[PDB]
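Visitor:
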Amino acid sequence: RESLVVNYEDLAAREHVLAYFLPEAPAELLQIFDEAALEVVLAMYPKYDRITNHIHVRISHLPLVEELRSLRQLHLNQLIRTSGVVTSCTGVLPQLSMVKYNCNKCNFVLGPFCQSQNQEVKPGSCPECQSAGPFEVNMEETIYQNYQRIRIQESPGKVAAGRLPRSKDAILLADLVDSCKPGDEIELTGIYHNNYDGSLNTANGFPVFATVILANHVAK
Amino acid sequence: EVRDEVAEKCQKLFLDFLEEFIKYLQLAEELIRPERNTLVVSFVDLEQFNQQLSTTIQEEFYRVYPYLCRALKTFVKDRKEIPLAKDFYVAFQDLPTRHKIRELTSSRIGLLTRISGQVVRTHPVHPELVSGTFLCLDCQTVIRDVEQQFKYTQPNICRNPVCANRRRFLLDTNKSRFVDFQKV
Amino acid sequence: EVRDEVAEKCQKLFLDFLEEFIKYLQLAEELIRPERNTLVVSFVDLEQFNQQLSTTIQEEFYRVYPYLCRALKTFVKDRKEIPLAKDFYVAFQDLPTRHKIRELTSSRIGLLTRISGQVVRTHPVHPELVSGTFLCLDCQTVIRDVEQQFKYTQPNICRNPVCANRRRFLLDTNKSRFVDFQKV
Ligand SMILES: [Zn+2]
Ligand SMILES: [Zn+2]
Ligand SMILES: [Zn+2]
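Chains as they are written, first to last, in PDB author numbering: chain 2, 227 to 446; chain 6, 17 to 37, 44 to 206; chain E, 17 to 37, 44 to 206.
#1: Do you know how far the Cα of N442 (chain 2) is from the Cα of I79 (chain 6)?
#2: Of all the options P320 (chain 2), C315 (chain 2), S286 (chain 2), which has the alpha carbon lying nearest to the alpha carbon of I306 (chain 2)?
#3: Return helix, strand or coil for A107 (chain 6), following the three-state DSSP convention.
#4: Could you name the residues of the same chain whose beta carbon sits closer than 8 Å to that of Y373 (chain 2), not counting the 5 residues immediately before and after it, in chain order?
#5: Measure the alpha-carbon distance for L94 (chain E) versus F110 (chain E) and round it to whole angstroms.
#6: Alpha carbon to alpha carbon, how far is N427 (chain 2) from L151 (chain 6)? Give it in angstroms, no decimals.
#7: Taking a cut of 9 Å between CB atoms, which residues from the region 174-194 of chain E lie near chain 2?
#8: Label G132 (chain E) either buried or exposed according to how many other C-beta atoms from any shown protein chain fall within 10 Å of its C-beta, with 16 as the threshold for buried.
#9: Name the residues in the region 351-375 of chain 2 whose C-beta lies less than 8 Å from a C-beta of chain E; which are they?
#10: Going along the chain, which residues of its own chain have a beta-carbon closer than 8 Å to the beta-carbon of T60 (chain E), five neighbours each way excluded?
#11: My understanding is that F33 (chain 6) touches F71 (chain 6), with C-beta atoms under 8 Å, so please give their C-beta distance in whole angstroms.
#12: Please determine whether the Cβ atom of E354 (chain 2) lies at a distance below 7 Å from any heavy atom of ligand 1.
#13: In the region 128-164 of chain 6, which residue ranges form an unbroken beta strand (DSSP E) of at least 3 residues, counting only runs that do not cross its ends?
#14: Give the secondary structure of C315 (chain 2) by DSSP, where H, G and I count as helix, E and B as strand, and everything else as coil.
#15: Can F65 (chain 6) and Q27 (chain 6) be called in contact, C-beta distance under 8 Å?
#16: Which bits of chain 6 does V434 (chain 2) rub up against, with CB to CB less than 8 Å?
#17: Name the chain E residues whose beta carbon is nearer than 7 Å to that of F339 (chain 2)?
#18: Tell me whether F339 (chain 2), by its Cβ, gets closer than 7 Å to a heavy atom of ligand 1.
#19: Would you mind stating whether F435 (chain 2) and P149 (chain 6) have Cβ atoms separated by less than 8 Å?
#20: Measuring alpha carbon to alpha carbon, tell me which of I179 (chain 6), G154 (chain 6), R190 (chain 6), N178 (chain 6) ends up nearest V201 (chain 6).
#21: In angstroms, rounded to a whole number, what distance separates the CA positions of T195 (chain E) and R166 (chain E)?
#22: Can you give the Cα-Cα distance for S76 (chain E) and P146 (chain E), rounded to whole angstroms?
#23: Mind pulling the chain 6 residues with CB within less than 9 Å of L300 (chain 2)?
#24: Can you give the Cα-Cα distance for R101 (chain 6) and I44 (chain 6), rounded to whole angstroms?
#25: In angstroms, rounded to a whole number, what distance separates the CA positions of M270 (chain 2) and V283 (chain 2)?
#26: Please return the same chain residues whose Cβ sits closer than 6 Å to the Cβ of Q176 (chain E), not counting the five positions on each side in sequence.
#27: Since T428 (chain 2) meets chain 6, which of its residues come closer than 7 Å, beta carbon to beta carbon?
#28: Can you have a look at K99 (chain E) and say buried or exposed, based on whether 16 or more other CB atoms are within 10 angstroms of its CB?
#29: Put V243 (chain 2) into one of helix, strand or coil per three-state DSSP.
#30: If you measure from each CB to the nearest heavy atom of ligand 2 and keep those under 7 Å, what residues do you get, in chain order?
#31: Please list the partners that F200 (chain 6) has in chain 2, where partner means a Cβ-to-Cβ separation under 7 Å.
#32: What in chain 6 is Cβ-close to residue 224 (chain 2), meaning under 9 Å?
#33: When we look at the beta-carbon of residue 223 (chain 2) and count the other beta-carbons within 10 Å, is it buried (16 or more) or exposed?
#34: If you draw a straight line from the alpha carbon of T135 (chain 6) to that of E21 (chain 6), how long is it in whole angstroms?
#35: Check whether chain 6 comes within 8 Å of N420 (chain 2), counting only Cβ atoms and requiring the distance to be less than that.
#36: Less than 8 Å between the beta carbons of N178 (chain 6) and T163 (chain 6), yes or no?
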């Protein structure tokens, strides 16, 4: 397997500072924890360098966080936990990771570039012929990741009379893909995000931002 | 710089009103919690405290309100320790007059009105920009505190006299200022 | 990183020579003045102290000399308080052998030699670059400590993996490192 599960209760009991910093800085702390887990596992077994070069760390339990109604500006770039009902799924999609580019003037192969979730990767110039472009993706030598998108709606039983259920979007990656069927009830732990290109409304209307949740664990 | 006389007088008189006429200290005590941003003030108290101040605020609501917000911020900052990031707002309830929807005309733009209606639709909640920060793509100069009003407004001109750039900017969302938003 | 064994041994043995065989402490005492940069060391003292070290330095002068400079810098820094900006250099006088001008061949490149000649012309004095600092014109990255050797050398490649710029750079003369220069 490729994933490891960690409980927030034990993490807080053993090392309090990491638990305190966890909600308000999820991405970097998760990256550090992934590196530490990979180091420990590779110390335990040496063959994974052939099998799996990375291991994800997922948080299982947390103090339960408010429902979809309460999510506001205060929760941006934080760690949250929600419960809802799945309504649709996009299937499995191959996203880029460690992209290799072919120059179009010569045929040099530009080195791997890590694909961040916020912006697309735009290589500067070809290191040999110093051309500014254009570039295309080397399909054969690129590495790919599993990607899936989910829409979540409030459970109809918990909605107070006189108001309507509200919905939000979430994204599942790597081992989390195809872990939920539409019409099921799930609970997610994720990151409430803005910093992705295209979130700001610019063409017309007020300056309104769109929010997206990036999940890292699923509890039925 | 240039200052506004009416704004200064309104700030002073509203600080006097908040300090002298105290329910509002008790409400500022509640204002500590992160889920509270707005202070609710009864307008009949304004009428009793100073008819002149009430008339000025009614005739100059749009121009004066941001300065009353600053006065409230100073008041809560003096009474309690609150991070400077948070903002605060003022509200009024007990207007003694009503205006019909069709009675709203261009002469009333910017003043304080009260109407009646029936809700038909509500949109979801979103964050919004208030004051942005931009980076010039040519000379790498940082321009801060550009007011957005009611549209996505870029800086009018690069503050570098030699650059004079008005078309290419980047937005640093981390330094920006937000507020919640909903349409009905 | 990768280290050099011979350089480390030469540093250790030259520090031992400077600390054990003391005229050189008295000269480092003079080295405080701003008009002095070079330490003069007699080679017969090297021959007496360690024939092995003397042979290594003679056969590896070019490769070892910059590390002896660092050892001298550490010595003077330990003995006295001198700003880190200043550099220091080593000199040798009493070579027991001579070589004619025509005897200089390609096999002697990089070693320590001594010749005789007659001066014909002297050029004026100028400052020169030793280690430069450059700014990339595309991604605004700062590249420091590029060695110039004997030509105006730009950074080989921008240290940003995605940028890969090798043709457009600016030179910040303020952060740079200089040395006096004269031709004869
Ligand atoms: Zn190329
Ligand atoms: Zn500019
Ligand atoms: Zn660059």
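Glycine is no exception: its CB is placed at the ideal position from the N, C-alpha and C atoms.
Guide: Result, derived from the coordinates:
#1: Cα to Cα, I79 (chain 6) sits roughly 52 Å from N442 (chain 2).
#2: Ranking the options by Cα distance to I306 (chain 2), first place goes to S286 (chain 2).
#3: Of the three classes helix, strand and coil, the one that applies to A107 (chain 6) here is coil, per DSSP.
#4: If we look at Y373 (chain 2) and ignore the five residues flanking it on each side, its Cβ neighbours are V318, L319, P320, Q321, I397, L398, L399, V403.
#5: Approximately 7 Å between the Cα atoms of the pair.
#6: Roughly 10 Å between the two C-alpha positions.
#7: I179, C180, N182, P183, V184, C185, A186, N187, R188, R189: these are the residues of the region 174-194 of chain E whose beta carbon lies less than 9 Å from some beta carbon of chain 2, given in chain order.
#8: So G132 (chain E) counts as exposed.
#9: Within the region 351-375 of chain 2, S351, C352, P353, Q356 place their CB atoms closer than 8 Å to a CB of chain E, listed in sequence order.
#10: Here the set comprises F110, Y111, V112, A113.
#11: Confirmed, about 5 Å.
#12: Yes.
#13: For the region 128-164 of chain 6, whole beta strand (DSSP E) runs of length 3 or above, ordered along the chain, are 148-151, 153-158.
#14: In the three-state reduction of the DSSP assignment, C315 (chain 2) falls in the strand class.
#15: Result no, Cβ atoms of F65 (chain 6) and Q27 (chain 6) do not sit closer than 8 Å.
#16: Those are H148, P149, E150, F203, listed as they occur along chain 6.
#17: In chain order: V184.
#18: The answer is no for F339 (chain 2).
#19: Yes, the pair counts as a contact, with Cβ atoms nearer than the cut-off.
#20: Comparing Cα positions, the closest option is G154 (chain 6).
#21: CA-CA distance, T195 (chain E) to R166 (chain E), rounds to 12 Å.
#22: Rounded to the nearest angstrom, the two C-alpha atoms are 35 Å apart.
#23: Within 9 Å Cβ-Cβ: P56, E57.
#24: Within the model, the alpha-carbon separation for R101 (chain 6) versus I44 (chain 6) is close to 13 Å.
#25: Computed Cα separation, rounded: 17 Å.
#26: For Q176 (chain E), the CB contacts under 6 Å within the same chain, skipping 5 residues up- and downstream, are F191 in chain order.
#27: Within chain 6, the residues placing a beta-carbon under 7 Å from that of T428 (chain 2) are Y174, ordered along the chain.
#28: Burial call: exposed.
#29: Collapsing the DSSP output to three states places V243 (chain 2) in a helix.
#30: Ordered along the chain, the selected set is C158 (chain 6), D160 (chain 6), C161 (chain 6), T163 (chain 6), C180 (chain 6), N182 (chain 6), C185 (chain 6), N187 (chain 6).
#31: Residues of chain 2 passing the Cβ test: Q299.
#32: Coverage of chain 2 is limited to positions 227 through 446, which leaves residue 224 (chain 2) absent and any answer about it impossible.
#33: Missing from the structure shown is residue 223 (chain 2); chain 2 here goes from 227 to 446 and no further.
#34: Going from the Cα of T135 (chain 6) to the Cα of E21 (chain 6) covers about 24 Å.
#35: Yes - at least one Cβ of chain 6 is within 8 Å of the one on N420 (chain 2).
#36: Taking 8 Å as the Cβ cut-off, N178 (chain 6) and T163 (chain 6) do not qualify as a contacting pair.
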